């Protein structure tokens, strides 16, 4: 197994996957690493199994159909993995915890949003369709772009949004286009 967490790239108290060489901090894995379960299989392994059981699940899909899917267990897992892929980028630190807004010339968003809030919402099964989760994720970056206006710090929102969108297209097998 690896000697650093796959998500945050630090050592510490790590739980090892039984079916691949990745390791995790307890609350770095999503969902949080399970208390028992020997052997234990990480989210990466669980996602790979879904694709292996249904190879046609990788044929292209329309985003509009994906968003209307109900959050059954396989879609719940996919959204957990997509959230985890965002946390894997170190620039996700900027969007993880609850923001506050006091900048001359800007007003805070009407509906603040952050990664840990999305994480809680997934854990608590508050999203009934994929659309719920994707809307809150995109709102994180939209709020950031609007607030920071012409400051160069707006670029961090563009950067982390790009990681979200690339992973969304991969995990949900969105049809490739020009």
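Numbering follows the first chain given and starts at 1.
Between the two ranges 25 to 33 and 125 to 133, the one averaging a larger CA B factor in the entry
Stretch with the higher mean C-alpha B-factor: 25 to 33.
Out of 82 to 90 and 103 to 111, which stretch has the higher average CA B-factor listed in the record?
That would be 103 to 111.
Residue selected from 70, 143, 41, 59 by maximal Cα B factor
Each of 70, 143, 41, 59 was compared by C-alpha B-factor; the highest is 41.
Looking at 138, 152, 119, 53, which one carries the largest C-alpha B-factor according to the PDB entry?
The C-alpha B-factor peaks, among 138, 152, 119, 53, at 53.
Sorting the chain's modelled residues by C-alpha B-factor, tell me whether residue 66 ends up in the lowest, middle or highest third.
Lowest third - that is where residue 66 ends up once the chain's C-alpha B-factors are sorted.
Cα B factor band for residue 4 (lowest, middle or highest third within the chain):
Highest third of the chain for residue 4's C-alpha B-factor.
Among modelled residues of the same chain, the CA temperature factor third for residue 170
Its C-alpha B-factor belongs to the middle third of this chain's values.
What third of its chain, lowest, middle or highest, does the C-alpha temperature factor of residue 16 fall into?
Highest third.
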